[PDB]
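Residue numbers (PDB author numbering), protein chains in the order written: chain R, 1 to 169; chain A, 1 to 169; chain S, 1 to 169; chain V, 1 to 169; chain H, 1 to 169; chain L, 1 to 169.
So this is what it looks like as structure tokens:
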């Protein structure tokens, strides 16, 4: 069974994995205002990955006989100054998610909860792919700041990641 | 182009189609606490339909050269008294969504916006299927109030509706 | 929910879509008395389309939580003077059905019933095909009034429309 | 050729095979008001069998060089007290159809009409299947009068008989 | 039947859907003078869509028993100052077509013509795709005004839309 | 390169190959008023052949580094006295097209333009098929002037030529 301090902190992180998806849906509503429908299709596909991260804390709380509480999801930022700053704010956010998985994992070792630190092993290994898949694109945008020719070619090459959920809906 | 009173009211309804999906995810977190994993798989599949409803207001605002603003999604109710009251509160919610589509459609006729009232024709025809797909199950639960044998058989027959997004995630 | 004046008028039109099928079955009993078994197979296939029109008012009343009342279907006319007058009386009947769909659609706009006027949109678009599929054949019979050679060739070309229900029964 | 007393009595029975189908469509409008959409899909499929019975008297009158006259189809009963009494009134009706086939068959032997008594041999052999397919379900409802668990399981097992005409319309 | 004021206004719009196709054939004769054979293959494929729009007013007038009158198609503009101004003049033209569909749809509601306003529902839903498929390309040309590298890459990516009629002719 | 007198005369003939298609679309709007939907489907398929003739002068002017100018297409005749006179006016028109190809071909030999007279060799060989495909049908209508039985059988046999563009649009 989950203790009161670990069930509350797994519920706070399930709220952060849904505010993540409600932030990558406020960036896709920003890039598709600029006409960058390959950046916007990159961000929507990341807002469906992050829903799949919150259905893993959800299925873990009901495997360990807990109870999921849903709080309010706050207002995400609307606009950024440039498509560079919209990825420096998505990479600063992925270092805020990982900072809070490491304080879940340092919480499960204090309470001697071996079946939770075994579960956070998936999210520690997967945030290494999340920080690097954004730092790749963030370094292609510092490679082209006053060059619309390259930004036109980043829109197309990132359009290979298309969301699969509108194909079902 | 969308007027200021119609772009604001299409943005308020995109917030209601995402609070819908954040309400059917607070019912799936209720039925899966009772051990009713067929009611909980019904509700998660409805929380992925309602995300697909908010990606239609989203793609309409960027077809009509607007701008999507995302507000905060409030706290949904946690627990209900019974699995009957958890569907009387999902049917009262589907009569609140439809009350606000009819005040979008009575707004687009006041502003003489023929390309928006043509778009809400999909959501008027589809809320007739949403109010009836809940009133079917709500009438099977008033048919069995002190009968766990039938509630055990509603859990299995509603488990045919499984969410397709965990199969991709 | 359907109001008392709209549930009564949807029930009157479900009685007209079954008297339609009981009129095209009194024309098929007329053309097959003259030996015109291609005109008679045209009319029986229209009496199975019109049953399919009354199973759409029927499924709409039980989607909107109503109650279908069945009145008596009156006696259709037995004989007409010619196979021309048996289509001038089927085209005058298809202008009587459409006159009553337009008084359902002008009733749903008076009561501000957006989910019924959305439903009658199918029957407004489909009576345009019904008035034209009879006016085609009615204009081929004014093209041949004292010519049995052409009436022998309208019997065969209209025999391509065969009823599918005797193939199952 | 058909005599005047046998053409009139074959036309009266073609009116009873269409009031049959307009009675099983007033029971399907009753069971689908109670939410029993497997009883209602049983009754609609019987209202398409009984139309196929009246297209056999119809094709026999035009094989024997007669003339089909269509009278008015009266008002069927609207509601019954229970789903038991809605099958005791469909079994009392199938003993009224068979009572009138036996008075057609005792009419064709009085007029020495061997080609009509040969034709009613199909309807005598088929009403034995009609009285027994209703007495099966009528005896499953006297087996469960104060048991909604079994009535919930008769709704599903009778839903295997689905009408084929809405699949074409 | 179509009234004299609605048959005249449906005939004026069939003349505008053929002057549309005779304008997108004067832009394809402009882009293929500049050597932009991907812009020119985009415009020819739009001049075959707009012929398909005038064969829908044509088939509607002969479903409603009218008469199509063909007036003269005026001289389209020959040259524009740039490939930007050749899309600002095709987007100003698609806001002139839609302004005249909305004055057909506001004409069919004044004459209480429900079967014409039901037909213009296709053209209201489809001009939303026409104004947006031009505003996409018009915003890619304001993204590159003094950049021939990007205009060379818009010629190729718009060459995926090839006209199907020279493949048959 | 094309001279000024040959570029102007190739542009005048591209205007005649589009007024041809706007004449066979005023005959299809005449035959489909008489209910002759096989004559009307013959004429629409000829109005798509003649568009394919004007896309050959168009692709030749941009192979020879010219410039296509589009003038106005005048009003075609609305009605003729009979379906005989609607083919005597389409055969008199096909002798007016061929009279002007022969004055293009006698113009390219005066200017010693061997690459244009080589191109008009296709249109000289193809107008022999156009004058004969109309003179076949024109001689079947002088074979039946007071015979609606044969005119009913010319409508069906000419309906094998169906336009392929509405199948794509």
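All C-beta atoms in this analysis are idealised placements derived from N, C-alpha and C, irrespective of residue type, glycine included.
Roughly how many angstroms separate the alpha carbons of residue i and residue j, rounded to a whole number?
i	j	result
residue 129/S	residue 33/H	46 Å
residue 102/V	residue 124/V	8 Å
residue 4/R	residue 107/R	12 Å
residue 95/V	residue 15/S	28 Å
residue 42/S	residue 54/R	60 Å
residue 75/L	residue 83/S	41 Å
residue 39/H	residue 169/L	21 Å
residue 146/R	residue 154/R	14 Å
residue 167/H	residue 97/A	49 Å
residue 65/H	residue 152/L	20 Å
residue 109/S	residue 109/A	12 Å
residue 144/R	residue 150/R	6 Å
residue 59/H	residue 138/L	26 Å
residue 159/S	residue 56/H	29 Å
residue 36/S	residue 133/S	19 Å
residue 105/R	residue 63/R	18 Å
residue 24/L	residue 52/L	13 Å
residue 157/V	residue 61/S	25 Å
residue 93/S	residue 131/H	42 Å
residue 20/S	residue 114/H	22 Å
residue 67/L	residue 116/L	15 Å
residue 140/A	residue 148/V	11 Å
How close, in whole Å, do the beta carbons of residue i and residue j come, if the pair is a contact with beta carbons under 8 Å?
i	j	result
residue 46/L	residue 100/L	That belief does not hold up - the Cβ atoms of residue 46/L and residue 100/L are roughly 18 Å apart, past 8 Å.
residue 69/V	residue 11/V	5 Å
residue 78/S	residue 26/S	7 Å
List the residues that DSSP assigns as beta-bridge partners of residue i.
i	result
residue 73/V	73/S
Do residue i and residue j have their CB atoms nearer than 8 Å?
i	j	result
residue 91/A	residue 142/A	no
residue 6/H	residue 111/H	yes
residue 30/S	residue 86/S	yes
residue 8/A	residue 28/A	no
residue 165/S	residue 165/V	yes
residue 81/H	residue 118/A	no
residue 72/V	residue 126/S	no
For residue i, which of helix, strand or coil comes out of DSSP?
i	result
residue 52/R	helix
residue 164/L	coil
residue 85/H	helix
residue 22/R	coil
residue 153/S	helix
residue 1/S	coil
residue 117/S	helix
residue 111/L	coil
residue 16/V	helix
residue 144/L	coil
residue 134/H	helix
residue 60/V	helix
residue 94/A	helix
residue 68/L	coil
residue 33/S	coil
residue 78/H	coil
residue 169/R	coil
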